[PDB]
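Have a look at the structure below before the remarks.
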């Protein structure tokens, strides 16, 4: 209840700040005021156009690695087990497999950016 | 006078104090005058000590220091970045070029003073004006916007 | 080649052209000596034919396209 | 120059350089702002004889360029030449050849 | 002569001590630490910031500032309407009109300097044969309108009357060089 | 000896004269004039058809090796039929020399671009076209480089006025920066700074 | 009276290049009006293009026509790749500039300029 209360207090504080920031100062807006910024000239094309991504393979690898992190995260409770040999072997296997995948991608130039 | 008039005057003083203690120029310059402007930014004069800090985007800028020769090819861009600044904005022309064309007054490709393009609050003369002179112009602008009476005029409306 | 269809859609676009009187318009009416148009008006007409037919007409045929009949038999022997 | 010895030792250790010998702030070693009056010397042409201007008129010794060949004036086993002798190779510095 | 800024001479071979030194340099960020130390030394130095406007940066008597028109000690204007300053002004910032005065003196009826057009080069003060027009050391004369920087003869004579105590001293300190 | 006169070395003049004879006899098809100034500078005035062969020969010949184009410019002399004199200053680092190659053009005869010889000629010829209107054949992208977009006229021509024909100002009715016919609050005062007495008898032209 | 051609041997292919340039301008006008936020309509832009071509329509020299085509292609490229701004495009219309009347009485009343 207390955490929910303080989250709501933060929400109310930030909403109050942005509300007073939008309703306190004098408004004077026209077309050139609200045109988008392109260092003084008109934009040649819209910014909603496709914008090429040179680290897409690294992003997919980040998805897989983040799930490897999710697998590795119950370790502070796993170290309390009776059969610590099995836990230690399984954790070693998991981290070694993750490292081998990273090494294979590094060898196959997947970490390098395209073009 | 009325008690509310005194409160309005004090609120005007507070607003003017905030706006003159926080003057952020656009990171905008054109020439040798802008070289003297970064010599004002340099450790001797310390515009940051005065509270004056450059911001690259015109949206975060308060004042625009036109420091250099405003050409015909540059004038739409200068007007654009002036118009994209938010409303409490000021203009400090710097040097003879931005004031009245200067050494290139009779040129085919030079706007004869940036006051033909943007409304100039303060003119700083020189070619180049020293960083002392530009700092003097900044302090004079601070005094000018200390003199503003916006809430008092609104109350007297 | 759908000759009637291409000729009446050519006449439709020629009616849609605003500098030509639809009453004075005919299949054999010349652009210059009958309708009194300029070469720029003629090339605008040819561009209208291009953008209504979906295929490009080169400039070497533009000075030969002088009447709607020339347009329709040209696009007939092209299509 | 008003720094304490503790701060001076801290600055010198942190920079690796002896900062106090070469301060970037000028204190007293600079020239005085008021100076004795000068007496500038005169040039070589400040003499009362043998100083005719026609003998030192460098501006009027300029001649029009000499035409080596012309299509109208000339109306036209030797060795091949170069615009100049080839430039001698620069010697490596004996002071500090490498950084 | 010439020198190499990045070319390395021969090789240092491979050694265990050198390999360990390079390994420690890579792992322990040694050059980054000494850059931090340099910035720390600058932090503990004394700043070079003067307290403007209560402290002003140093200048010289040669300094070219706001224009002024001087006088003789009698009070007569030094200017004799000779238009040498107007002729030599590279920006054409000087406009001069003249006529004989009521006593027959050769004096200006119009002396305008467009300070928005002037380039502050001192050619007028070095072309003046009578030291009439000068660039006095005033530089804090920024205005709020464009018009106030269009000086006329009254403004320039008032500047000469205001700054004569300093301009005369600067010319006294400087005139043997020029 | 004389402290006010520039010292003169005759060896540079002899070398430049010999090299001018060399280039003139190598390329008689295009070379129209060869001169060496008293400032020890070699100028070769060629036909406009030989710009590409002359520049290529000067860049790639073993005895020339003028591999660096110092600059490319034009001079407007509007009293000859071909008013634009195109000037190429070239630098030979191998022989530590400089040469000047001149040719001519008018408003309607373009000359060949030398972008295929020197890559700096791209922007240099863009500047020449923008400032004088001299078109260049086979340029990869010829357009204006210094004037405003939509600027009419070539301002470095002699007959173009100093202030131009239009001036810009911000109009608040249209909320734009607009171009107007030029009006000056103070006209540029032209001066007649020419002495009526002849200064240099060595350059006295014969009477007409 | 015999000169070196630029691109066109005579007026016919010069007029062909003119027609090609007019075609390119006519196609590019709607894209310009859509891309730059222009107050004008598509009809006004094509009318302005036709007005410029008819302003230059009196020339009969193939070299001058070729140079006019080259200049028009340069301006066309400056409009295709957005280098001309809204101000640069609207400078063709002179909407802020009042026109000088062409009659003797109005020129007499205005000033001394003929």
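So that you can tell them apart, the chains are marked A, B, C, D, E, F and G in the order they are listed, and the count of residues begins at 1 in each.
Here is the rule we use: a residue touches a chain if its C-beta (ideal position, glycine included) is under 8 Å from a C-beta of that chain, and two chains touch if they have at least 3 such contacts.
**Q** Walk from chain A over to chain G along touching chains and report the minimum step count.
**A** Between chain A and chain G, the shortest chain-hopping route counts 1.
**Q** What are the mutual neighbours of chain E and chain F in this structure?
**A** Touching chain E and chain F alike, sorted by label: B, D.
**Q** Measuring between mean CA coordinates, which chain is farthest from chain D?
**A** Centre of mass proxy via C-alpha means gives C as farthest from chain D.
**Q** Higher C-beta contact count, F-G or B-E?
**A** When B-E is set beside F-G, the one with more contacts is B-E.
**Q** I'd like the Å distance between the centres of chain C and chain D, where a centre is the mean of that chain's Cα atoms.
**A** 77
**Q** Once you find the CA centre of chain D and the CA centre of chain F, what distance in Å lies between them?
**A** Each chain's C-alpha centroid was found; their separation is 30 Å.
**Q** Please compute the C-alpha centroid of chain B, do the same for chain F, then give the distance between them in whole Å.
**A** A distance of 42 Å separates the two centres.
**Q** Provide the C-alpha centroid distance between chain A and chain D, rounded to the nearest whole angstrom.
**A** Distance between chain centres: 59 Å.
**Q** Where in chain A do residues touch two or more of the other chains?
**A** 30-32, 41
**Q** Across the complex, what residues on chain D touch chain E?
**A** 2-3, 7, 10-16, 19, 24-25, 33-35, 37-40, 90-99
**Q** Across the complex, what residues on chain B touch chain A?
**A** 57-59, 76-81, 83-84, 86-88
**Q** What part of chain E is in contact with chain D in the complex they form?
**A** 1-9, 34, 37-38, 40-41, 44-46, 48, 58, 173, 176-177
**Q** Hey, which residues of chain B end up touching chain E in the complex?
**A** 43-46, 49, 96, 99-103, 105-106, 113, 115, 120-127, 129-133, 135-137, 139-140, 144
**Q** Going by the contact rule at the top, pick out the chain A residues touching chain G in the complex.
**A** That would be residues 31, 41-42, 44 of chain A.
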